[PDB]
2 protein chains.
Amino acid sequence: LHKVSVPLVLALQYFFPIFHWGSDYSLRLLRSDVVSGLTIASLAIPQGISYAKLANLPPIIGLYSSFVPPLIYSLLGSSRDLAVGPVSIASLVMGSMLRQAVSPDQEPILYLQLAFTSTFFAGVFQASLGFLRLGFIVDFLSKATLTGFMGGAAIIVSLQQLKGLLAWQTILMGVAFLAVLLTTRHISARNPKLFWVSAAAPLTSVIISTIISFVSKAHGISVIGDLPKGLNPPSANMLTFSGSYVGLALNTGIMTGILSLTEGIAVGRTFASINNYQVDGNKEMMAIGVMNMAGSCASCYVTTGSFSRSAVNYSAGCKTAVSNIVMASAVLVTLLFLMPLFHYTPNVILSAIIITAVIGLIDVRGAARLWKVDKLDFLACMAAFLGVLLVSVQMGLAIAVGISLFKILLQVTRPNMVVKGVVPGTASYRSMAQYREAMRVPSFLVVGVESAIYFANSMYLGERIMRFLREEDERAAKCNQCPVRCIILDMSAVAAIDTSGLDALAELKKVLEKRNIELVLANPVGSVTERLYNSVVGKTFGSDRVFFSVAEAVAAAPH
Amino acid sequence: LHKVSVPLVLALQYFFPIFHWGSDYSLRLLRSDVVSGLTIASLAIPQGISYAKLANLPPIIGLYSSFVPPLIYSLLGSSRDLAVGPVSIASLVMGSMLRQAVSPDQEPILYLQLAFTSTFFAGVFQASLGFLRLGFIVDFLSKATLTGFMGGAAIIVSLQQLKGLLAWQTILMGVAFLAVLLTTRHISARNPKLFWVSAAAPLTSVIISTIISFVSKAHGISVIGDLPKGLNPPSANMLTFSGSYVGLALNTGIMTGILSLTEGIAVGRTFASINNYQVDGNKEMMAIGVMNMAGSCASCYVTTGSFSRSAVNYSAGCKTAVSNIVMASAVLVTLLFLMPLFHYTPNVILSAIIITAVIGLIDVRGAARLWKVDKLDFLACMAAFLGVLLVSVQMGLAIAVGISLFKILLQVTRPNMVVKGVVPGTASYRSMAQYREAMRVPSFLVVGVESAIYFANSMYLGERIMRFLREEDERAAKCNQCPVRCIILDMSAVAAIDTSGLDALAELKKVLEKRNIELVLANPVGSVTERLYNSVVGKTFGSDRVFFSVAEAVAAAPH
């Protein structure tokens, strides 16, 4: 028999990780972060400007958002491969939530007061979700939920940019560079060695088209024009905590503060497992969020770790988070010296960078792939696609997160319970539905409940055991066999058990004792055994009714 | 090696179960249901009248509710021991939700139009929750939630009956029969053979006090007075589906239709396991709910299977649901002939039957017992106690059910993952925290995840395996041992797995292959093996990477 057991220097290093990994910084790591930082401050200048236009902001707000939030994260960040900048989904939702209350064309100054207050309210939401150690609710945002959302929100932006839109080389320069940017993101999606042609394609589209426009003073082509040369102007005089639009700037902060958090705490997770290092998650949510609310005071909008630039970062050989300093050192140059060179860049070119980032969100293949595999993840993909397209954008991320949390509760409530039997030649007791080889011991009924025993199922697992008990007490009467005299609960799959779960196991042990059947638990789990040996309802089982395995509960014969 | 496998006559019998169990009805079963039905139409007449006063209704509405809803359930019910009548918690919440919008004393006719419309809206909520096969959400109502609720709502009724209250034998007859009714429910709570003294004590209190009042024309004692002799008057002309109070009569229906359903689908569950028969649950929720909305048209209020009378039913020897006919045959007699005998029964006597049923709801011992065992079930008990006492009664059953559903999600997200080792002399691989005897195999790392692998945890189980992998690859360098060359996932406790869970197991198999570590699954569960052999992401594991047990995965040596 086997017994069942029970189970100021630090202040600038617990808050600022740059004093920890700054000790191992070589010049071989500076050669690797300069190449991967100048590769990444070549996808940041054209796509930061582009995603600021997608958020209906001035195009320099995306370049302000590639200087100070990359510098703040390099002080507070825990990931070596994460790249900080404006993000295509956070810009598309911010520019759709603020478009329908404040017009960006007629009220410009009021529009650059709710883009900065929403960034602050996204900052104080992300920071006060990792400070309260409450970051696991960004894992409730499934990949199926973010397929109908990004795709149900990529249409209502395409509809809003279809009402306000109503020459000829404007059409041809917007469709030629839509064929340079769409086939090249297909070349790099196939071969993961030609990443460099898609990292260079937005900057080459900006550079080449500016030549075909200075060479014309091309009329029939709009042009960015003069952009204000200099660093970030001090905001937080544009942070409106009082007025009519403080519930709109708050609704955009808890909306672009979630979608920016399911991208930055999902790309710091991706590259921590490839390169084998430890990222905290909650300290990463305090980093992205002090980044936002201190960038909100420096004329930036919502930034996080982008999916696209971080993959370019870990394809050019980044080693530390100094690739976010070399990024913000070629953004510092272009904010101080290279600003008159955007005077002839057309708006249709960085409208094509928007289109490849919008139709790169409409993923219909993986939404149809979500129908062949699961069907409650297809319901969550179509409750976000049809909850954003018809009803507001808040209730498309609430009726799809709520029914993704429901399919978890639909398995904890009403779980699978199986009748197990011994596999011949083996002391292992597997289920008798799977494993047709498994035959049953004559005077025993091995039942395995495959979930944690909570309040939500503890009365269902008492009416299912007795349905199992009624069937085998009637099958043994049709086959000249002995009745059930020991019910063994295989607790191998019981994750946890609460006070309503232990009480249902003691109101089952004494109901089965009146019919002389002797309930016995076998193979408990740690966090259940310490719940069973530290309770007054766990001494009604004791040491004679808790066993090492099912084969040891059969061999002891509790009768 | 062992292979892992994959897993009009009926129309009046599917709707009316009385045509099924009416075939075996003997006269020995009629002798047993008459004694247990007249025992139970002796606790129904005094406590039905009493709980109608607790709901601020006329006292005959509780006797109308003991005639037709017992007769409807005897046609549609599936439980042999369930007793149908008015219920102390459903009457206390109905009489508290309608008291604060409509005064029962100044607007009597409007008050007997929202007690009948709430019963209809409780009926169409209970019936259209078992017709949609949606009855598992009454299991979300924990026993900890219904301890702070019944006890946080038993005070705000005691407060409402303290404002409107502001002779001498009225005080003495209300305190003497409060000592006959409170000590006798303590005698029967100790010895479960003297149930008959607590079943007789409300009727004896009504009978004896009526003698001490006819013998006086006792002034200084209020008296029920003349009650309308006859059967149930036809309502549904008092069912108001249009007006100002249709959102109040609906709020009371989804509130007294839940609390009446967590008592009737919890006392038909209790007595189905003691007497070993099968109750459907959803067909039981269609029975209780056609019972309510067809009793609502016959001048009844919310009835269900009461906890107290069903225990008296299964202590006097009920065998079928004809104890609900003998109950409604001694209510038919007292509604037709014995109505002038309540002309001198004092209102303070059946106010004492209320008090023993209100302070029998305030269970402070099991609320303090909920602190020694769990602490997220004490939070749900004090979010219902302080969510009903301060904020409305809807948000005390919403912020306590919502944080009882949260502790389920707080275990599916972030579960327990253990490192397992072989117990010596045994081919069983238990965890190494519990079971200090368990030592590890040199070139292996057996990890057991103790939950279902969902979207909510699939990225947490990839950063915890590599934390387990980083520790044992560093411990083996401090002890002159071989590194980890096979990671075995013990899937013994994995209940289910979704498409985000299989994809995380294939984006872990190929990350571990680059470091030459060869991830292997062992002991899968049926509903995971059929999810793994019917997926394109389950053929990247195959038959060489899915094993019978952990000891067979070690013995095969996948390297």
# chains A, B, ... in the order shown; residues from 1 in each chain; ligands from 1
>>> residues_around(residues="residue 2 (chain B)", least_positions_apart="3", cutoff="12 Å", atoms="only C-alpha atoms", output="number ranges by chain")
A: 423-426, 428, 430, 435, 437-438; B: 5, 522-523, 543-544, 546-553, 555-556
>>> write_last_selection(atoms="N, CA and C atoms", output="compact mmCIF listing (two decimals), in the first residue's frame")
# COMPACT_ATOMS: atom_id res chain seq x y z
N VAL A 423 -7.46 -2.38 -18.11
CA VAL A 423 -6.91 -2.89 -19.37
C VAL A 423 -6.14 -4.18 -19.08
N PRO A 424 -6.40 -5.27 -19.81
CA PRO A 424 -5.82 -6.57 -19.45
C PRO A 424 -4.31 -6.61 -19.65
N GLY A 425 -3.62 -7.26 -18.71
CA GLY A 425 -2.18 -7.25 -18.70
C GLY A 425 -1.56 -6.00 -18.11
N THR A 426 -2.37 -5.09 -17.58
CA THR A 426 -1.93 -3.78 -17.15
C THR A 426 -2.71 -3.45 -15.88
N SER A 428 -3.68 -0.44 -15.19
CA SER A 428 -4.20 0.89 -15.48
C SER A 428 -5.69 0.80 -15.79
N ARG A 430 -8.50 2.64 -17.54
CA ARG A 430 -8.96 3.64 -18.49
C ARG A 430 -10.46 3.47 -18.71
N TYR A 435 -11.03 3.03 -25.45
CA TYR A 435 -10.49 1.74 -25.00
C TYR A 435 -11.35 0.48 -24.82
N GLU A 437 -10.81 -2.44 -25.15
CA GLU A 437 -10.14 -3.55 -24.49
C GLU A 437 -10.41 -3.59 -22.99
N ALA A 438 -10.81 -2.47 -22.40
CA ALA A 438 -10.92 -2.33 -20.95
C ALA A 438 -12.17 -3.05 -20.45
N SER B 5 -6.96 4.45 -28.23
CA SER B 5 -8.17 4.41 -29.04
C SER B 5 -8.92 5.73 -28.95
N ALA B 522 1.09 12.02 -23.26
CA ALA B 522 0.87 10.72 -22.65
C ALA B 522 -0.43 10.73 -21.86
N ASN B 523 -1.10 9.58 -21.88
CA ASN B 523 -2.41 9.37 -21.27
C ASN B 523 -3.46 10.42 -21.61
N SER B 543 0.92 8.88 -34.11
CA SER B 543 0.85 7.69 -33.29
C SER B 543 2.13 7.43 -32.51
N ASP B 544 3.23 8.07 -32.88
CA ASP B 544 4.48 7.93 -32.14
C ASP B 544 4.62 8.92 -31.00
N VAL B 546 1.78 9.96 -29.00
CA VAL B 546 0.64 9.84 -28.11
C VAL B 546 0.69 8.45 -27.51
N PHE B 547 0.78 8.37 -26.19
CA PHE B 547 1.07 7.11 -25.52
C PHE B 547 -0.03 6.74 -24.54
N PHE B 548 0.03 5.48 -24.10
CA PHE B 548 -0.97 4.94 -23.19
C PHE B 548 -0.82 5.53 -21.80
N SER B 549 0.39 5.47 -21.24
CA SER B 549 0.68 6.01 -19.93
C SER B 549 2.01 6.75 -19.98
N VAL B 550 2.39 7.34 -18.85
CA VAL B 550 3.69 7.99 -18.77
C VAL B 550 4.80 6.95 -18.75
N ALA B 551 4.57 5.82 -18.09
CA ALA B 551 5.56 4.75 -18.03
C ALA B 551 5.76 4.07 -19.38
N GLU B 552 4.80 4.17 -20.29
CA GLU B 552 5.00 3.67 -21.64
C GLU B 552 5.68 4.71 -22.53
N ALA B 553 5.54 5.99 -22.20
CA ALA B 553 6.28 7.02 -22.92
C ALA B 553 7.75 7.04 -22.53
N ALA B 555 9.33 4.24 -21.50
CA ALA B 555 9.88 2.98 -21.98
C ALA B 555 10.11 2.97 -23.48
N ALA B 556 9.34 3.76 -24.23
CA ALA B 556 9.55 3.82 -25.67
C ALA B 556 10.75 4.68 -26.05
>>> residues_around(residues="residue 68 (chain B)", least_positions_apart="4", cutoff="9 Å", atoms="only C-alpha atoms", output="PyMOL selection string")
chain B and resi 64+72-73+232+291+294-295+298+300+328
>>> closest_residue(among="A:128, A:443, A:273, A:147", to="chain B", atoms="only C-alpha atoms")
A:273
>>> residues_around(residues="region 444-450 of chain B", least_positions_apart="3", cutoff="9 Å", atoms="only C-alpha atoms", output="PyMOL selection string")
(chain A and resi 492-496+525) or (chain B and resi 415-421+429-431+440-441+453+461+465+468-469+472+483-495+550+554)
>>> write_last_selection(atoms="N, CA, C and O atoms", output="short mmCIF file (atom, residue, chain, number, x, y, z; two decimals), in the first residue's frame")
data_model
loop_
_atom_site.label_atom_id
_atom_site.label_comp_id
_atom_site.auth_asym_id
_atom_site.auth_seq_id
_atom_site.Cartn_x
_atom_site.Cartn_y
_atom_site.Cartn_z
N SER A 492 -8.32 11.53 -10.82
CA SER A 492 -7.13 11.90 -11.57
C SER A 492 -7.33 13.20 -12.34
O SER A 492 -6.37 13.95 -12.54
N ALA A 493 -8.55 13.48 -12.77
CA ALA A 493 -8.85 14.65 -13.57
C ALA A 493 -9.54 15.75 -12.77
O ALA A 493 -9.93 16.77 -13.35
N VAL A 494 -9.69 15.57 -11.46
CA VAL A 494 -10.31 16.59 -10.61
C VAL A 494 -9.24 17.63 -10.29
O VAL A 494 -8.30 17.36 -9.54
N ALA A 495 -9.40 18.82 -10.86
CA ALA A 495 -8.40 19.87 -10.70
C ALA A 495 -8.47 20.51 -9.32
O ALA A 495 -7.46 20.64 -8.64
N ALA A 496 -9.67 20.90 -8.90
CA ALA A 496 -9.88 21.52 -7.61
C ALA A 496 -11.22 21.07 -7.08
O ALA A 496 -12.00 20.41 -7.77
N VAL A 525 -5.37 14.66 -6.33
CA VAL A 525 -4.41 15.61 -6.84
C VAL A 525 -4.01 16.53 -5.69
O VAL A 525 -4.80 16.81 -4.79
N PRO B 415 -4.03 27.55 -14.17
CA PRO B 415 -4.20 26.35 -13.35
C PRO B 415 -2.91 25.88 -12.70
O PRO B 415 -1.87 26.54 -12.79
N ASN B 416 -2.97 24.73 -12.04
CA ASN B 416 -1.79 24.12 -11.43
C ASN B 416 -1.09 23.23 -12.43
O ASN B 416 -1.73 22.40 -13.09
N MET B 417 0.22 23.41 -12.56
CA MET B 417 1.06 22.55 -13.38
C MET B 417 2.14 21.98 -12.48
O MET B 417 2.78 22.73 -11.74
N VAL B 418 2.34 20.67 -12.53
CA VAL B 418 3.26 20.00 -11.63
C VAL B 418 4.32 19.27 -12.45
O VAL B 418 4.13 18.96 -13.62
N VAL B 419 5.45 19.02 -11.80
CA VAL B 419 6.51 18.19 -12.36
C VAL B 419 6.43 16.84 -11.68
O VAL B 419 6.50 16.75 -10.45
N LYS B 420 6.28 15.78 -12.47
CA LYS B 420 6.04 14.45 -11.95
C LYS B 420 7.29 13.59 -12.01
O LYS B 420 8.17 13.79 -12.84
N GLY B 421 7.34 12.61 -11.12
CA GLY B 421 8.42 11.65 -11.10
C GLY B 421 7.90 10.29 -10.71
O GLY B 421 6.81 10.16 -10.15
N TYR B 429 3.54 7.67 -12.12
CA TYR B 429 4.25 8.94 -12.13
C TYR B 429 3.36 9.98 -11.46
O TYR B 429 2.48 10.56 -12.10
N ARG B 430 3.59 10.20 -10.18
CA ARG B 430 2.88 11.23 -9.43
C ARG B 430 3.75 12.47 -9.31
O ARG B 430 4.95 12.45 -9.61
N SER B 431 3.14 13.55 -8.84
CA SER B 431 3.80 14.85 -8.74
C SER B 431 4.91 14.82 -7.70
O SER B 431 5.01 13.90 -6.89
N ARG B 440 12.79 11.57 -10.15
CA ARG B 440 12.66 11.89 -11.56
C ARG B 440 13.54 10.99 -12.41
O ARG B 440 14.62 10.57 -12.00
N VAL B 441 13.06 10.69 -13.61
CA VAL B 441 13.87 9.98 -14.59
C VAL B 441 14.91 10.95 -15.16
O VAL B 441 14.57 12.13 -15.36
N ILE B 453 -7.25 22.47 -21.43
CA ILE B 453 -6.41 23.42 -22.14
C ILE B 453 -7.32 24.24 -23.05
O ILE B 453 -7.69 23.81 -24.13
N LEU B 461 0.36 27.83 -20.22
CA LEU B 461 0.95 26.50 -20.13
C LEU B 461 2.13 26.33 -21.08
O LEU B 461 2.68 25.24 -21.17
N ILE B 465 5.74 25.49 -18.80
CA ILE B 465 6.54 24.33 -19.18
C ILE B 465 7.99 24.73 -19.37
O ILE B 465 8.91 24.04 -18.91
N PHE B 468 9.57 25.24 -16.17
CA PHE B 468 9.95 23.92 -15.68
C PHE B 468 11.16 23.38 -16.44
O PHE B 468 11.97 22.64 -15.88
N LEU B 469 11.26 23.71 -17.72
CA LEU B 469 12.37 23.22 -18.52
C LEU B 469 13.66 23.96 -18.19
O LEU B 469 14.74 23.36 -18.19
N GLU B 472 15.08 22.55 -14.60
CA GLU B 472 15.73 21.24 -14.64
C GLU B 472 16.90 21.17 -15.60
O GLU B 472 17.76 20.30 -15.43
N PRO B 483 20.92 16.37 -19.77
CA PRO B 483 19.85 17.36 -19.92
C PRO B 483 18.53 16.72 -20.34
O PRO B 483 18.45 15.53 -20.66
N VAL B 484 17.49 17.55 -20.35
CA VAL B 484 16.16 17.10 -20.73
C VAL B 484 16.12 16.85 -22.24
O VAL B 484 16.40 17.75 -23.04
N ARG B 485 15.77 15.63 -22.63
CA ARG B 485 15.66 15.27 -24.03
C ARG B 485 14.28 14.75 -24.39
O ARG B 485 14.05 14.38 -25.55
N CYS B 486 13.36 14.70 -23.43
CA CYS B 486 11.97 14.36 -23.71
C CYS B 486 11.09 15.00 -22.64
O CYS B 486 11.29 14.76 -21.45
N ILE B 487 10.14 15.82 -23.08
CA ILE B 487 9.13 16.40 -22.19
C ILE B 487 7.84 15.63 -22.41
O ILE B 487 7.30 15.62 -23.52
N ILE B 488 7.37 14.97 -21.36
CA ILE B 488 6.16 14.17 -21.42
C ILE B 488 5.03 14.96 -20.78
O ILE B 488 5.13 15.34 -19.61
N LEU B 489 3.98 15.24 -21.54
CA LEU B 489 2.80 15.89 -20.99
C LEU B 489 1.82 14.82 -20.52
O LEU B 489 1.19 14.15 -21.33
N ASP B 490 1.72 14.67 -19.21
CA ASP B 490 0.67 13.85 -18.62
C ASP B 490 -0.65 14.56 -18.79
O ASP B 490 -0.95 15.52 -18.08
N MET B 491 -1.46 14.11 -19.75
CA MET B 491 -2.76 14.69 -20.02
C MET B 491 -3.87 13.97 -19.28
O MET B 491 -5.01 13.92 -19.76
N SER B 492 -3.55 13.40 -18.11
CA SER B 492 -4.53 12.67 -17.32
C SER B 492 -5.62 13.58 -16.78
O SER B 492 -6.76 13.16 -16.62
N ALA B 493 -5.28 14.84 -16.50
CA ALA B 493 -6.21 15.79 -15.91
C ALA B 493 -6.74 16.80 -16.92
O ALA B 493 -7.47 17.71 -16.54
N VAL B 494 -6.39 16.65 -18.20
CA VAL B 494 -6.88 17.55 -19.24
C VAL B 494 -8.28 17.10 -19.62
O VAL B 494 -8.46 16.05 -20.24
N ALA B 495 -9.28 17.90 -19.25
CA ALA B 495 -10.67 17.52 -19.48
C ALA B 495 -11.06 17.70 -20.94
O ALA B 495 -11.63 16.79 -21.56
N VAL B 550 2.39 7.34 -18.85
CA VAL B 550 3.69 7.99 -18.77
C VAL B 550 4.80 6.95 -18.75
O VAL B 550 5.86 7.14 -19.36
N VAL B 554 8.05 6.72 -21.28
CA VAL B 554 9.44 6.59 -20.85
C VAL B 554 10.08 5.35 -21.46
O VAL B 554 11.22 5.38 -21.92
#
>>> atom_distance(atom1="CA of residue 427 (chain B)", atom2="CA of residue 520 (chain B)")
17.8 Å
>>> closest_residue(among="A:39, A:411, A:500, A:100", to="residue 376 (chain A)", atoms="only C-alpha atoms")
A:411
>>> residues_around(residues="residue 201 (chain A)", least_positions_apart="3", cutoff="10 Å", atoms="only C-alpha atoms", output="list in words")
residues 42, 43, 46, 177, 180, 181, 182, 184, 185, 196, 197, 198, 204, 205, 206, 207 and 353 of chain A
>>> select_by_dssp(residues="region 48-252 of chain B", states="alpha helix (DSSP H)", output="VMD selection string")
chain B and resid 48 to 54 61 to 64 68 to 76 88 to 97 108 to 130 145 to 163 169 to 180 184 to 190 196 to 214 248 to 251
>>> residues_around(residues="region 391-404 of chain B", least_positions_apart="3", cutoff="9 Å", atoms="only C-alpha atoms", output="ChimeraX atom specification")
/A:455 /B:93,97,140-142,144-146,148-149,152-153,251,255,376-377,379-388,407-408
>>> write_last_selection(atoms="N, CA and C atoms", output="PDB file, in the first residue's frame")
ATOM      1  N   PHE A 455     -19.306  24.044  -7.116  1.00  0.00           N
ATOM      2  CA  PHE A 455     -20.718  24.191  -6.782  1.00  0.00           C
ATOM      3  C   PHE A 455     -21.604  23.962  -7.999  1.00  0.00           C
TER       4      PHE A 455
ATOM      5  N   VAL B  93     -39.056  37.407  -1.041  1.00  0.00           N
ATOM      6  CA  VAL B  93     -38.465  38.256  -2.066  1.00  0.00           C
ATOM      7  C   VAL B  93     -39.550  38.896  -2.925  1.00  0.00           C
ATOM      8  N   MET B  97     -39.918  42.985  -3.144  1.00  0.00           N
ATOM      9  CA  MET B  97     -39.730  43.668  -4.411  1.00  0.00           C
ATOM     10  C   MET B  97     -40.957  44.467  -4.820  1.00  0.00           C
ATOM     11  N   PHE B 140     -25.515  27.643 -11.080  1.00  0.00           N
ATOM     12  CA  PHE B 140     -24.621  28.763 -10.814  1.00  0.00           C
ATOM     13  C   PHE B 140     -24.946  29.436  -9.490  1.00  0.00           C
ATOM     14  N   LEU B 141     -26.173  29.280  -9.007  1.00  0.00           N
ATOM     15  CA  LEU B 141     -26.586  29.767  -7.697  1.00  0.00           C
ATOM     16  C   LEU B 141     -25.986  28.848  -6.646  1.00  0.00           C
ATOM     17  N   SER B 142     -24.858  29.258  -6.076  1.00  0.00           N
ATOM     18  CA  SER B 142     -24.160  28.442  -5.099  1.00  0.00           C
ATOM     19  C   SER B 142     -24.907  28.434  -3.770  1.00  0.00           C
ATOM     20  N   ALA B 144     -23.283  29.134  -1.095  1.00  0.00           N
ATOM     21  CA  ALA B 144     -22.697  30.288  -0.428  1.00  0.00           C
ATOM     22  C   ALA B 144     -23.380  31.582  -0.834  1.00  0.00           C
ATOM     23  N   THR B 145     -23.775  31.695  -2.101  1.00  0.00           N
ATOM     24  CA  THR B 145     -24.561  32.816  -2.588  1.00  0.00           C
ATOM     25  C   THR B 145     -25.941  32.879  -1.953  1.00  0.00           C
ATOM     26  N   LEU B 146     -26.587  31.735  -1.735  1.00  0.00           N
ATOM     27  CA  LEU B 146     -27.906  31.672  -1.123  1.00  0.00           C
ATOM     28  C   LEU B 146     -27.836  31.632   0.400  1.00  0.00           C
ATOM     29  N   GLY B 148     -25.794  34.429   1.950  1.00  0.00           N
ATOM     30  CA  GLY B 148     -25.780  35.860   2.137  1.00  0.00           C
ATOM     31  C   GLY B 148     -27.030  36.510   1.594  1.00  0.00           C
ATOM     32  N   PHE B 149     -27.605  35.929   0.540  1.00  0.00           N
ATOM     33  CA  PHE B 149     -28.868  36.430   0.007  1.00  0.00           C
ATOM     34  C   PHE B 149     -30.003  36.198   0.996  1.00  0.00           C
ATOM     35  N   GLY B 152     -29.446  38.468   3.881  1.00  0.00           N
ATOM     36  CA  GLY B 152     -29.301  39.867   3.547  1.00  0.00           C
ATOM     37  C   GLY B 152     -30.623  40.404   3.051  1.00  0.00           C
ATOM     38  N   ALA B 153     -31.498  39.496   2.620  1.00  0.00           N
ATOM     39  CA  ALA B 153     -32.863  39.838   2.266  1.00  0.00           C
ATOM     40  C   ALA B 153     -33.840  39.581   3.396  1.00  0.00           C
ATOM     41  N   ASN B 251     -39.434  42.033 -13.273  1.00  0.00           N
ATOM     42  CA  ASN B 251     -38.257  41.911 -12.422  1.00  0.00           C
ATOM     43  C   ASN B 251     -38.489  40.958 -11.260  1.00  0.00           C
ATOM     44  N   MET B 255     -36.753  37.023 -10.677  1.00  0.00           N
ATOM     45  CA  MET B 255     -36.136  36.924  -9.363  1.00  0.00           C
ATOM     46  C   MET B 255     -36.780  35.873  -8.481  1.00  0.00           C
ATOM     47  N   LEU B 376     -13.069  32.443  -1.386  1.00  0.00           N
ATOM     48  CA  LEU B 376     -13.806  33.024  -2.498  1.00  0.00           C
ATOM     49  C   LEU B 376     -15.270  32.618  -2.479  1.00  0.00           C
ATOM     50  N   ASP B 377     -15.653  31.721  -1.573  1.00  0.00           N
ATOM     51  CA  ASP B 377     -17.048  31.456  -1.266  1.00  0.00           C
ATOM     52  C   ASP B 377     -17.527  32.249  -0.063  1.00  0.00           C
ATOM     53  N   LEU B 379     -16.348  35.422   0.039  1.00  0.00           N
ATOM     54  CA  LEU B 379     -16.503  36.680  -0.678  1.00  0.00           C
ATOM     55  C   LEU B 379     -17.839  36.730  -1.403  1.00  0.00           C
ATOM     56  N   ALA B 380     -18.302  35.589  -1.916  1.00  0.00           N
ATOM     57  CA  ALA B 380     -19.609  35.526  -2.554  1.00  0.00           C
ATOM     58  C   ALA B 380     -20.747  35.552  -1.550  1.00  0.00           C
ATOM     59  N   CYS B 381     -20.505  35.103  -0.322  1.00  0.00           N
ATOM     60  CA  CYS B 381     -21.515  35.186   0.722  1.00  0.00           C
ATOM     61  C   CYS B 381     -21.645  36.596   1.280  1.00  0.00           C
ATOM     62  N   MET B 382     -20.581  37.394   1.237  1.00  0.00           N
ATOM     63  CA  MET B 382     -20.626  38.763   1.727  1.00  0.00           C
ATOM     64  C   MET B 382     -20.817  39.784   0.618  1.00  0.00           C
ATOM     65  N   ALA B 383     -20.754  39.374  -0.647  1.00  0.00           N
ATOM     66  CA  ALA B 383     -21.186  40.243  -1.732  1.00  0.00           C
ATOM     67  C   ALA B 383     -22.677  40.136  -1.994  1.00  0.00           C
ATOM     68  N   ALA B 384     -23.313  39.062  -1.531  1.00  0.00           N
ATOM     69  CA  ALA B 384     -24.763  38.964  -1.538  1.00  0.00           C
ATOM     70  C   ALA B 384     -25.378  39.530  -0.272  1.00  0.00           C
ATOM     71  N   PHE B 385     -24.679  39.431   0.857  1.00  0.00           N
ATOM     72  CA  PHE B 385     -25.189  40.015   2.090  1.00  0.00           C
ATOM     73  C   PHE B 385     -25.102  41.532   2.061  1.00  0.00           C
ATOM     74  N   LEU B 386     -24.063  42.080   1.435  1.00  0.00           N
ATOM     75  CA  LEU B 386     -23.868  43.520   1.353  1.00  0.00           C
ATOM     76  C   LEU B 386     -24.216  44.068  -0.024  1.00  0.00           C
ATOM     77  N   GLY B 387     -24.800  43.247  -0.885  1.00  0.00           N
ATOM     78  CA  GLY B 387     -25.243  43.711  -2.183  1.00  0.00           C
ATOM     79  C   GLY B 387     -26.751  43.748  -2.238  1.00  0.00           C
ATOM     80  N   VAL B 388     -27.382  43.075  -1.280  1.00  0.00           N
ATOM     81  CA  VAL B 388     -28.816  43.165  -1.078  1.00  0.00           C
ATOM     82  C   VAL B 388     -29.173  44.180   0.003  1.00  0.00           C
ATOM     83  N   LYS B 407     -14.395  32.512  -9.724  1.00  0.00           N
ATOM     84  CA  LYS B 407     -13.437  31.591  -9.124  1.00  0.00           C
ATOM     85  C   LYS B 407     -13.331  30.286  -9.900  1.00  0.00           C
ATOM     86  N   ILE B 408     -14.323  29.969 -10.733  1.00  0.00           N
ATOM     87  CA  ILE B 408     -14.169  28.880 -11.687  1.00  0.00           C
ATOM     88  C   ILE B 408     -13.228  29.300 -12.805  1.00  0.00           C
TER      89      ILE B 408
END
>>> closest_residue(among="A:69, A:151, A:233, A:95", to="residue 324 (chain A)", atoms="only C-alpha atoms")
A:69
>>> residues_around(residues="residue 129 (chain A)", least_positions_apart="6", cutoff="12 Å", atoms="only C-alpha atoms", output="number ranges by chain")
A: 122-123, 135-138, 254, 257-258, 261, 281-290
>>> closest_residue(among="A:187, A:221, A:236, A:154", to="residue 361 (chain A)", atoms="only C-alpha atoms")
A:154
>>> residues_around(residues="region 227-231 of chain B", least_positions_apart="3", cutoff="9 Å", atoms="only C-alpha atoms", output="PyMOL selection string")
chain B and resi 59-60+64+67+224+332+334-340+342-343
>>> select_by_dssp(residues="region 434-478 of chain B", states="strand (DSSP E or B)", output="number ranges by chain")
B: 439, 444-450, 453
>>> closest_residue(among="B:463, B:513, B:507, B:33", to="chain A", atoms="only C-alpha atoms")
B:463
